[PDB]
Structure formats: structure tokens, C-alpha cells
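These notes concern the structure reproduced below.
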Amino acid sequence: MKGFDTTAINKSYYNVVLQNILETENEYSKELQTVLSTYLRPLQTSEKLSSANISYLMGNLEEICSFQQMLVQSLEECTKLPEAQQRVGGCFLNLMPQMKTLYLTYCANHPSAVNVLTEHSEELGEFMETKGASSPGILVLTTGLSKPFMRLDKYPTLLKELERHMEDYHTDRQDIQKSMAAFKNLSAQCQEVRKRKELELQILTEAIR
Numbered sequence: 001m002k003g004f005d006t007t008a009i010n011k012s013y014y015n016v017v018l019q020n021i022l023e024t025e026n027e028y029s030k031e032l033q034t035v036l037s038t039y040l041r042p043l044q045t046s047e048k049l050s051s052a053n054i055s056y057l058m059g060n061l062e063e064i065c066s067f068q069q070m071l072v073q074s075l076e077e078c079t080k081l082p083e084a085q086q087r088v089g090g091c092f093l094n095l096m097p098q099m100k101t102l103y104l105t106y107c108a109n110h111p112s113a114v115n116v117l118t119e120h121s122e123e124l125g126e127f128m129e130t131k132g133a134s135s136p137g138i139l140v141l142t143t144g145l146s147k148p149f150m151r152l153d154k155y156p157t158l159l160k161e162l163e164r165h166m167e168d169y170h171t172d173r174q175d176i177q178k179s180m181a182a183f184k185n186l187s188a189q190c191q192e193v194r195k196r197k198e199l200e201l202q203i204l205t206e207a208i209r
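Here PDB author numbering is used: position 67 in the sequence shown is 67, and no number is missing along the way.
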């Protein structure tokens with residue numbers, strides 16, 4: 001976007017928000033791009049984690065691959081250039097349906113995740129190389145894939161100023177309601193999922209010894 005308008009910038013929050021977000025999502029896409037072409041390229045084809053295993057590792061990361069690429073290249077690519085009437089929500093709203101699946105599962109499958117690793121440190125730790133993988137064996141996944149899930153707390157930022165443009169109220173913002181209500185509902189459910197029917201303890205009557 002060397003010249004998406006050529007307008008003399010100054011006090012423009014727009015160019016400041018889309019920029020800041022870069023630093024974050026960048027390192028997010030940067031982490032995936034690395035491990036991906038680094039040691040994931042092989043398994044990327046669902047080699048050992050073809051069926052079943054999908055729900056665990058691949059099903060999440062394997063999908064985020066195309067996601068992390070469109071993630072920014074989807075909306076930012078248009079906003080940068082003459083946005084005219086861009087909308088982070090309208091777009092994210094299309095990628096959410098799939099994200100909601102990878103997000104909810106990961107949070108609930110996380111516990112098992114760490115297990116598969118130390119349990120597959122030798123089998124998975126072997127395929128990774130096939131030349132010269134990183135240093136933290138194949139477990140690099142969890143570790144390097146624990147931060148990227150933190151940038152979700154900043155998403156609402158763009159949905160706030162990038163969607164409002166100029167405050168507004170008569171309309172336009174009306175979309176932010178569903179936008180913030182979705183991306184947010186993701187994290188709001190994770191905390192409720194664990195307790196989901198666990199805190200009720202009314203009809204439950206396990207036969208624990």
C-alpha cells in the first residue's frame with residue numbers, strides 16, 4: 001500500500017490501528033509461517049494425523065494455515081487500499097464459523113495436547129527432522145502455539161475503532177453488535193464450557209468410590 005491514497009497522514013488513528021495490529025498478528029502469522037514451512041510442511045498433508053487426530057492437532061493448526069494467511073490478507077488488504085466502506089466484522093463473521101470450532105476444541109483439548117506430545121516426542125520428533133528441524137523437538141507446537149491464542153483479546157480493538165470509523169449511531173455500527181458479540185462469545189464460552197453442567201450438581205449423582 002505504498003500509495004493507497006497519498007494523503008498527508010497526521011493524527012489519523014486509522015493508519016495507526018491497522019499498523020499496530022500488524023506487529024501483533026504479524027508475529028502471529030510469523031510463528032505459523034515458521035513452524036509450517038519448518039517442520040509442519042510434511043505433516044501438513046495429514047501424514048500421521050490424517051483421520052481422528054485431526055480433531056486434536058491438525059484439525060486446528062492444519063486449518064489455521066490458510067486462515068492465518070487470509071486472516072490479514074482478507075480485510076486489511078481492502079481497508080489499506082481505498083476501503084470505501086470496509087468492515088472487519090462482515091468478513092471475520094465468515095471466518096468465525098470455522099474458528100469457533102477450532103477455538104472451542106483447542107481450549108478443551110489443550111489438556112490432551114500436552115499429552116500427545118511427550119507421548120509422541122519420539123515418533124513425531126523423528127518426522128520433524130528429515131533434514132534439520134528446530135531445536136525444541138516437535139513440541140514446538142504447543143509452546144509457539146500458546147502465544148498466538150493471546151492476540152484474540154486484541155481483536156475487539158479493530159472491531160471497535162475500525163468498524164465505527166467515526167463513532168456513528170444511526171447505522172453502520174449496528175454490525176459491531178454482532179461482530180463483538182461473536183469474537184467475544186468465543187472466550188466467554190470457553191470459561192463456561194468447563195463448568196458447563198458441572199457447577200449445577202443437582203441431578204448429577206456419580207457413583208464415585
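Cβ coordinates follow ideal geometry from the N, Cα and C atoms, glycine included.
query                                                                                                                                                     : result
Where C107 and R209 are concerned, what is the direct C-alpha to C-alpha distance, given to the nearest angstrom?                                         : 29 Å
Please name the residue in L61, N20, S66, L139 whose C-alpha comes closest to that of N115.                                                               : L139
Helix, strand or coil for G90? Go by DSSP, reduced to three states.                                                                                       : helix
Following the continuous alpha helix (DSSP H) through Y13, name the residue where it begins and the one where it ends.                                    : 13-35
Quick one: what's got a C-beta closer than 8 Å to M70's C-beta in the same chain, skipping five residues either side?                                     : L95
Report whether the distance from the Cβ of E192 to the nearest heavy atom of the ligand PLP is below 6 Å.                                                 : Inclusion of the ligand PLP in the displayed structure is not the case, the ligand content being empty and no account of it being possible.
Between the Cα of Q177 and those of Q73, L93, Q86, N10, spot the shortest distance and give me the residue it belongs to.                                 : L93
Among the candidates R164, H170, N60, whose CA atom is the shortest distance from the CA of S146?                                                         : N60
Using 8 Å for Cβ pairs, my map puts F127 next to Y155. What's the rounded Cβ distance?                                                                    : Going by Cβ atoms, the distance from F127 to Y155 rounds to 33 Å, so no, they are not a contact pair.
Is the Cβ-Cβ distance between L162 and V88 less than 7 Å?                                                                                                 : yes
Assuming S134 and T38 are in contact, meaning their beta carbons sit under 8 Å apart, how far apart are those beta carbons, in whole angstroms?           : 6 Å
Ends of the alpha helix (DSSP H) at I176?                                                                                                                 : 174-195
Hey, how far is the Cα of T7 from the Cα of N15?                                                                                                          : 11 Å
I need the boundaries of the alpha helix (DSSP H) containing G144, first residue and last residue.                                                        : 140-144
Below 8 Å on the Cβ atoms is my guess for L81 versus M1; work out the distance and round it to an integer in Å.                                           : 6 Å
Suppose the cutoff is 7 Å on Cβ atoms and the five residues either side in sequence are ignored; what does the same chain contact list for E25 look like? : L71, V72, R151
State the start and end residues of the unbroken alpha helix (DSSP H) segment that holds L124.                                                            : 124-127
Between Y103 and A188, what straight-line distance do the alpha-carbon atoms span, to the nearest angstrom?                                               : 12 Å
Which of the three DSSP states, helix, strand or coil, is assigned to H165?                                                                               : coil
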